[PDB]
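Text of run_2.pdb (PDB, C-alpha atoms and all ligand atoms) as supplied:
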MODEL        1
ATOM      1  CA  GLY A   1      50.510  91.663 156.287
ATOM      2  CA  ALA A   2      52.572  90.469 153.361
ATOM      3  CA  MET A   3      54.871  93.486 153.783
ATOM      4  CA  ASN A   4      55.659  92.615 157.369
ATOM      5  CA  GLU A   5      56.450  89.015 156.409
ATOM      6  CA  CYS A   6      58.548  90.021 153.377
ATOM      7  CA  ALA A   7      60.433  92.862 155.083
ATOM      8  CA  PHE A   8      61.866  90.861 158.002
ATOM      9  CA  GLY A   9      59.307  92.239 160.441
ATOM     10  CA  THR A  10      60.796  95.724 160.626
ATOM     11  CA  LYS A  11      58.943  98.928 161.422
ATOM     12  CA  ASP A  12      62.142 101.008 161.053
ATOM     13  CA  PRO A  13      61.781 103.669 158.255
ATOM     14  CA  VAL A  14      65.390 103.294 157.187
ATOM     15  CA  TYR A  15      64.952  99.547 156.693
ATOM     16  CA  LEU A  16      61.498  99.968 155.161
ATOM     17  CA  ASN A  17      62.862 102.588 152.713
ATOM     18  CA  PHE A  18      65.632 100.179 151.735
ATOM     19  CA  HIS A  19      63.039  97.386 151.277
ATOM     20  CA  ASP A  20      60.827  99.491 149.031
ATOM     21  CA  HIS A  21      63.344 101.559 147.064
ATOM     22  CA  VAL A  22      66.398  99.377 146.803
ATOM     23  CA  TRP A  23      66.062  95.697 147.797
ATOM     24  CA  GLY A  24      65.055  93.529 144.897
ATOM     25  CA  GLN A  25      64.802  96.468 142.495
ATOM     26  CA  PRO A  26      66.919  95.855 139.442
ATOM     27  CA  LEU A  27      70.106  97.890 139.642
ATOM     28  CA  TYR A  28      72.090  98.345 136.389
ATOM     29  CA  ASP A  29      74.697 100.952 137.330
ATOM     30  CA  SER A  30      78.218  99.474 137.695
ATOM     31  CA  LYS A  31      79.426 101.688 140.561
ATOM     32  CA  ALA A  32      76.157 101.377 142.497
ATOM     33  CA  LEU A  33      76.470  97.605 142.159
ATOM     34  CA  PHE A  34      80.016  97.668 143.454
ATOM     35  CA  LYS A  35      78.841  99.690 146.454
ATOM     36  CA  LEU A  36      76.064  97.268 147.383
ATOM     37  CA  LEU A  37      78.413  94.289 147.010
ATOM     38  CA  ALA A  38      81.018  95.960 149.158
ATOM     39  CA  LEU A  39      78.499  96.765 151.941
ATOM     40  CA  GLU A  40      77.373  93.129 151.875
ATOM     41  CA  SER A  41      80.967  91.990 152.551
ATOM     42  CA  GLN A  42      80.884  93.895 155.832
ATOM     43  CA  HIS A  43      77.846  92.096 157.279
ATOM     44  CA  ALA A  44      79.194  88.826 158.782
ATOM     45  CA  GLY A  45      78.817  88.806 162.506
ATOM     46  CA  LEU A  46      76.537  91.871 162.593
ATOM     47  CA  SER A  47      72.921  92.600 161.603
ATOM     48  CA  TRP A  48      72.181  93.850 158.143
ATOM     49  CA  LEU A  49      70.394  96.879 159.533
ATOM     50  CA  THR A  50      73.554  97.703 161.478
ATOM     51  CA  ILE A  51      75.464  97.934 158.153
ATOM     52  CA  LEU A  52      72.667  99.963 156.552
ATOM     53  CA  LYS A  53      72.882 102.522 159.312
ATOM     54  CA  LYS A  54      76.661 102.788 158.699
ATOM     55  CA  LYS A  55      76.203 103.470 154.948
ATOM     56  CA  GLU A  56      76.972 107.211 155.145
ATOM     57  CA  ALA A  57      80.119 106.531 157.288
ATOM     58  CA  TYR A  58      81.231 104.021 154.640
ATOM     59  CA  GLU A  59      80.514 106.462 151.782
ATOM     60  CA  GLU A  60      82.706 109.066 153.414
ATOM     61  CA  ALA A  61      85.464 106.539 154.394
ATOM     62  CA  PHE A  62      85.569 105.058 150.900
ATOM     63  CA  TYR A  63      85.284 108.148 148.536
ATOM     64  CA  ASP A  64      81.683 107.330 147.795
ATOM     65  CA  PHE A  65      82.720 103.854 146.546
ATOM     66  CA  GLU A  66      84.440 105.266 143.445
ATOM     67  CA  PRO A  67      86.455 102.176 142.450
ATOM     68  CA  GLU A  68      89.432 103.998 140.938
ATOM     69  CA  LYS A  69      89.965 105.853 144.218
ATOM     70  CA  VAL A  70      89.156 102.964 146.522
ATOM     71  CA  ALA A  71      91.629 100.687 144.644
ATOM     72  CA  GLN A  72      94.449 103.166 145.317
ATOM     73  CA  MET A  73      93.948 103.171 149.077
ATOM     74  CA  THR A  74      97.108 102.430 151.051
ATOM     75  CA  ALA A  75      98.032 100.512 154.207
ATOM     76  CA  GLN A  76      98.243 104.002 155.803
ATOM     77  CA  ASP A  77      94.663 104.881 154.668
ATOM     78  CA  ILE A  78      93.481 101.660 156.271
ATOM     79  CA  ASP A  79      95.445 102.512 159.478
ATOM     80  CA  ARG A  80      93.428 105.796 159.608
ATOM     81  CA  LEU A  81      90.180 103.962 158.956
ATOM     82  CA  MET A  82      90.797 101.828 162.042
ATOM     83  CA  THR A  83      89.572 104.777 164.138
ATOM     84  CA  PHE A  84      87.184 106.329 161.612
ATOM     85  CA  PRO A  85      83.832 106.702 163.460
ATOM     86  CA  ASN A  86      80.939 104.414 162.612
ATOM     87  CA  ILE A  87      82.451 101.990 160.133
ATOM     88  CA  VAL A  88      83.184  98.451 161.189
ATOM     89  CA  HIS A  89      86.690  98.406 162.686
ATOM     90  CA  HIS A  90      87.649  95.003 161.338
ATOM     91  CA  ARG A  91      90.839  95.445 159.421
ATOM     92  CA  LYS A  92      90.398  92.536 157.082
ATOM     93  CA  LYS A  93      86.827  93.627 156.260
ATOM     94  CA  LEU A  94      88.115  97.074 155.379
ATOM     95  CA  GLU A  95      91.067  95.715 153.374
ATOM     96  CA  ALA A  96      88.549  93.514 151.563
ATOM     97  CA  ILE A  97      86.883  96.555 150.030
ATOM     98  CA  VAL A  98      90.176  97.818 148.586
ATOM     99  CA  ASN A  99      90.744  94.333 147.065
ATOM    100  CA  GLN A 100      87.199  94.303 145.715
ATOM    101  CA  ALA A 101      87.728  97.708 144.005
ATOM    102  CA  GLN A 102      90.945  96.325 142.403
ATOM    103  CA  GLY A 103      89.012  93.277 141.171
ATOM    104  CA  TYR A 104      86.278  95.476 139.786
ATOM    105  CA  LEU A 105      88.854  97.291 137.674
ATOM    106  CA  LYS A 106      90.252  93.985 136.419
ATOM    107  CA  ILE A 107      86.752  92.865 135.408
ATOM    108  CA  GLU A 108      86.044  96.075 133.556
ATOM    109  CA  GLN A 109      89.371  95.862 131.696
ATOM    110  CA  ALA A 110      88.333  92.370 130.426
ATOM    111  CA  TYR A 111      84.623  92.826 129.873
ATOM    112  CA  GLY A 112      83.992  96.566 129.584
ATOM    113  CA  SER A 113      81.547  96.852 132.517
ATOM    114  CA  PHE A 114      81.037  95.359 135.922
ATOM    115  CA  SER A 115      77.269  95.633 135.440
ATOM    116  CA  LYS A 116      77.383  93.642 132.224
ATOM    117  CA  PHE A 117      79.593  90.999 133.895
ATOM    118  CA  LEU A 118      77.159  90.621 136.802
ATOM    119  CA  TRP A 119      73.970  90.622 134.760
ATOM    120  CA  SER A 120      75.288  87.864 132.544
ATOM    121  CA  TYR A 121      74.929  85.510 135.523
ATOM    122  CA  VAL A 122      71.118  85.826 135.207
ATOM    123  CA  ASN A 123      71.143  86.072 131.413
ATOM    124  CA  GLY A 124      70.474  89.820 131.517
ATOM    125  CA  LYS A 125      67.145  89.506 133.197
ATOM    126  CA  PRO A 126      65.891  89.539 136.802
ATOM    127  CA  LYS A 127      65.091  86.121 138.199
ATOM    128  CA  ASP A 128      61.770  86.189 140.005
ATOM    129  CA  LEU A 129      62.224  83.613 142.761
ATOM    130  CA  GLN A 130      58.400  83.448 143.020
ATOM    131  CA  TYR A 131      58.342  83.158 146.791
ATOM    132  CA  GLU A 132      55.018  83.176 148.644
ATOM    133  CA  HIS A 133      56.136  82.922 152.261
ATOM    134  CA  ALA A 134      59.263  84.053 154.105
ATOM    135  CA  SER A 135      59.714  80.366 154.923
ATOM    136  CA  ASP A 136      60.252  79.607 151.138
ATOM    137  CA  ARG A 137      63.453  81.607 151.153
ATOM    138  CA  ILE A 138      66.799  79.927 150.564
ATOM    139  CA  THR A 139      70.208  81.415 151.507
ATOM    140  CA  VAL A 140      72.508  80.225 148.658
ATOM    141  CA  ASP A 141      72.296  78.517 145.240
ATOM    142  CA  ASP A 142      74.510  77.336 142.348
ATOM    143  CA  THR A 143      74.631  80.736 140.573
ATOM    144  CA  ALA A 144      75.672  82.667 143.714
ATOM    145  CA  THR A 145      78.238  79.934 144.385
ATOM    146  CA  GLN A 146      79.731  80.245 140.895
ATOM    147  CA  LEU A 147      79.796  84.036 141.023
ATOM    148  CA  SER A 148      81.514  83.935 144.417
ATOM    149  CA  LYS A 149      84.204  81.577 143.103
ATOM    150  CA  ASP A 150      84.664  83.674 139.930
ATOM    151  CA  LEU A 151      84.971  86.948 141.864
ATOM    152  CA  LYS A 152      87.603  85.364 144.109
ATOM    153  CA  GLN A 153      89.888  84.860 141.119
ATOM    154  CA  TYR A 154      89.840  88.597 140.445
ATOM    155  CA  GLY A 155      90.942  89.350 144.064
ATOM    156  CA  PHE A 156      87.499  89.947 145.656
ATOM    157  CA  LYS A 157      87.505  89.034 149.387
ATOM    158  CA  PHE A 158      84.843  88.453 152.097
ATOM    159  CA  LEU A 159      82.297  87.462 149.497
ATOM    160  CA  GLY A 160      81.410  83.790 149.978
ATOM    161  CA  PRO A 161      78.424  82.029 148.281
ATOM    162  CA  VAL A 162      75.851  83.060 150.971
ATOM    163  CA  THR A 163      77.011  86.699 150.931
ATOM    164  CA  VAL A 164      76.940  86.859 147.119
ATOM    165  CA  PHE A 165      73.387  85.368 147.195
ATOM    166  CA  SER A 166      72.233  88.113 149.605
ATOM    167  CA  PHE A 167      73.731  90.700 147.198
ATOM    168  CA  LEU A 168      71.939  89.158 144.216
ATOM    169  CA  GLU A 169      68.647  89.668 146.090
ATOM    170  CA  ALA A 170      69.553  93.199 147.133
ATOM    171  CA  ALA A 171      70.641  94.305 143.604
ATOM    172  CA  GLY A 172      67.533  92.786 142.089
ATOM    173  CA  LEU A 173      69.302  90.247 139.899
ATOM    174  CA  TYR A 174      67.109  88.024 142.090
ATOM    175  CA  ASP A 175      63.661  89.154 143.278
ATOM    176  CA  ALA A 176      63.066  87.573 146.710
ATOM    177  CA  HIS A 177      59.979  89.709 147.523
ATOM    178  CA  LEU A 178      56.914  87.738 148.479
ATOM    179  CA  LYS A 179      54.133  87.525 145.885
ATOM    180  CA  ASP A 180      51.768  89.789 147.851
ATOM    181  CA  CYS A 181      54.440  92.252 149.035
ATOM    182  CA  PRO A 182      53.351  95.765 147.981
ATOM    183  CA  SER A 183      57.005  96.463 147.032
ATOM    184  CA  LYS A 184      57.390  93.424 144.755
ATOM    185  CA  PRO A 185      58.736  94.765 141.452
ATOM    186  CA  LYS A 186      56.908  94.178 138.228
ATOM    187  CA  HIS A 187      58.554  91.749 135.786
ATOM    188  CA  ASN A 188      58.325  91.530 132.070
TER     189      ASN A 188
HETATM  190  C1  LIG B 201      67.349  92.482 153.585
HETATM  191  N1  LIG B 201      68.759  91.934 153.838
HETATM  192  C2  LIG B 201      69.001  91.073 154.898
HETATM  193  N2  LIG B 201      70.219  90.617 155.125
HETATM  194  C3  LIG B 201      71.278  90.964 154.306
HETATM  195  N3  LIG B 201      72.530  90.466 154.511
HETATM  196  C4  LIG B 201      70.999  91.787 153.268
HETATM  197  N4  LIG B 201      71.727  92.289 152.304
HETATM  198  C5  LIG B 201      70.977  93.075 151.521
HETATM  199  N5  LIG B 201      69.719  93.007 151.989
HETATM  200  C6  LIG B 201      69.735  92.241 153.047
HETATM  201 ZN    ZN B 202      58.900  92.863 149.907
ENDMDL
END
Any chance you could put this one into structure tokens?
Amino acid sequence: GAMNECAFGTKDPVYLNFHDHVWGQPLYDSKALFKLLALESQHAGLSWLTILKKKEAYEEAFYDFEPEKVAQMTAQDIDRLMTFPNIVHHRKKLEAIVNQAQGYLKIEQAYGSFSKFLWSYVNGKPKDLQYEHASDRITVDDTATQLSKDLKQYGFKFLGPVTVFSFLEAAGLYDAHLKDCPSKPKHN
């Protein structure tokens, strides 16, 4: 049905739980946003589900994505992470997360909260993309492009326009659920 079309054809409970409980559901917590963004930066070259199934390994490797702690991680911490089981052993991907955490802190120093900074890009309100078929879906737009460029200036890495657009969908700043998907969030 509509769920199968919306949820990338998966019958895997982990992916289906993510589709229903996380993907496209507006997320307002600053640290939870950082975490989702950081996981997204790890995707390129792998499947998304592959990253999802490494989430717990990442949480342990990165102090549950607590930005103050992640930002303090050293070259030596990254050396250790190169053989930490079940995270992606791609040094620059891992270093990227440390740089992201640093950028997060810079943003919060300027604007008070990472959440507020992000949500400003959709004027504080989820953008219902109003899709009806999976074939309607785009992979990048002007807003994701601008956010990507702006993040880069703060030191964020591995977060190009396409990757930032996927994160917008996942964090529910964009709702990319199909109209008849049973998990489509309600909008005011
Ligand atoms: C459902 N999905 C597919 N691909 C990605 N890169 C994703 N990121 C968050 N959610 C995603
Ligand atoms: Zn859906």
Between chain A and ligand LIG 201 (chain B), at 9 Å or less, what are the per-residue closest atom pairs and their distances in Å? Count only C-alpha atoms and all ligand atoms, order by chain and rising residue number, and return it as a tab-separated table.
residue	atom	partner	partner_atom	distance
A:7	CA	B:LIG201	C1	7.1
A:8	CA	B:LIG201	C1	7.2
A:15	CA	B:LIG201	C1	8.1
A:18	CA	B:LIG201	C1	8.1
A:19	CA	B:LIG201	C1	6.9
A:22	CA	B:LIG201	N5	8.9
A:23	CA	B:LIG201	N5	6.2
A:24	CA	B:LIG201	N5	8.5
A:36	CA	B:LIG201	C5	7.8
A:37	CA	B:LIG201	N4	8.8
A:39	CA	B:LIG201	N4	8.1
A:40	CA	B:LIG201	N4	5.7
A:41	CA	B:LIG201	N3	8.8
A:43	CA	B:LIG201	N3	6.2
A:44	CA	B:LIG201	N3	8.1
A:47	CA	B:LIG201	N2	7.3
A:48	CA	B:LIG201	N2	4.8
A:49	CA	B:LIG201	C2	7.6
A:51	CA	B:LIG201	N3	8.8
A:52	CA	B:LIG201	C5	8.7
A:162	CA	B:LIG201	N3	8.9
A:163	CA	B:LIG201	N3	6.9
A:165	CA	B:LIG201	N4	8.8
A:166	CA	B:LIG201	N4	5.0
A:167	CA	B:LIG201	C5	5.6
A:168	CA	B:LIG201	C5	8.3
A:169	CA	B:LIG201	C5	6.8
A:170	CA	B:LIG201	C5	4.6
A:171	CA	B:LIG201	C5	8.0
At most 12 Å from ligand ZN 202 (chain B) (all atoms listed in the file): residue list as an NGL selection string: :A and (1-10 or 15-25 or 130-134 or 169-170 or 172 or 175-186)
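Residues in contact range of stretch 63-65 of chain A, defined as at most 9 Å between all atoms listed in the file, with sequence neighbours fewer than 4 positions away removed, read residues 31, 32, 34, 35, 38, 56, 58, 59, 69, 70 and 101 of chain A.
Nearest to residue A:99 of all the residues A:27, A:129, A:159, A:87 is A:159, based on all atoms listed in the file.
As for atom CA of residue A:45 and atom CA of residue A:91, they are spaced 14.1 Å apart.
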How would you write, as JSON, numbers by chain, the residues chosen by the PyMOL selection byres (((chain A and resi 107) around 12) and not hetatm) on this structure? {"A": [30, 34, 67, 100, 101, 102, 103, 104, 105, 106, 108, 109, 110, 111, 112, 113, 114, 115, 116, 117, 118, 150, 151, 152, 153, 154, 155, 156]}
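One distance worth recording is that between atom CA of residue A:81 and atom CA of residue A:160, which is 23.8 Å.
In this model, the gap between atom CA of residue A:68 and atom CA of residue A:94 comes to 16.1 Å.
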Residues selected by the PyMOL selection byres (((chain A and resi 79) around 12) and not hetatm), written as number ranges by chain: A: 61, 73-78, 80-84, 89-92, 94-95
Next, write the just-selected residues to a file, as a PDB file, keeping the file's coordinate frame, keeping C-alpha atoms as the atom set.
ATOM      1  CA  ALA A  61      85.464 106.539 154.394  1.00  0.00           C
ATOM      2  CA  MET A  73      93.948 103.171 149.077  1.00  0.00           C
ATOM      3  CA  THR A  74      97.108 102.430 151.051  1.00  0.00           C
ATOM      4  CA  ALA A  75      98.032 100.512 154.207  1.00  0.00           C
ATOM      5  CA  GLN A  76      98.243 104.002 155.803  1.00  0.00           C
ATOM      6  CA  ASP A  77      94.663 104.881 154.668  1.00  0.00           C
ATOM      7  CA  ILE A  78      93.481 101.660 156.271  1.00  0.00           C
ATOM      8  CA  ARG A  80      93.428 105.796 159.608  1.00  0.00           C
ATOM      9  CA  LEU A  81      90.180 103.962 158.956  1.00  0.00           C
ATOM     10  CA  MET A  82      90.797 101.828 162.042  1.00  0.00           C
ATOM     11  CA  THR A  83      89.572 104.777 164.138  1.00  0.00           C
ATOM     12  CA  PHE A  84      87.184 106.329 161.612  1.00  0.00           C
ATOM     13  CA  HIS A  89      86.690  98.406 162.686  1.00  0.00           C
ATOM     14  CA  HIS A  90      87.649  95.003 161.338  1.00  0.00           C
ATOM     15  CA  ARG A  91      90.839  95.445 159.421  1.00  0.00           C
ATOM     16  CA  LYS A  92      90.398  92.536 157.082  1.00  0.00           C
ATOM     17  CA  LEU A  94      88.115  97.074 155.379  1.00  0.00           C
ATOM     18  CA  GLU A  95      91.067  95.715 153.374  1.00  0.00           C
TER      19      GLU A  95
END
Per-axis box centre and lengths in Å around stretch 120-133 of chain A, 5 Å margin per side, axis-aligned, as AutoDock Vina command-line options:
--center_x 65.2 --center_y 86.4 --center_z 141.8 --size_x 30.3 --size_y 16.9 --size_z 30.8
Tell me which residues the PyMOL selection byres (((chain A and resi 144) around 8) and not hetatm) grabs here, as an NGL selection string. :A and (140-143 or 145-148 or 161-162 or 164-165 or 168)
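With only C-alpha atoms as the basis for measurement, A:88 is the residue among A:88, A:120, A:71, A:137 that approaches residue A:46 most closely.
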Selected residue, from A:93, A:157, A:187, A:149, that lies nearest to residue A:125 when counting only C-alpha atoms: A:187
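Residue nearest residue A:97, chosen from A:62, A:138, A:124, A:55 and counting all atoms listed in the file: A:62.
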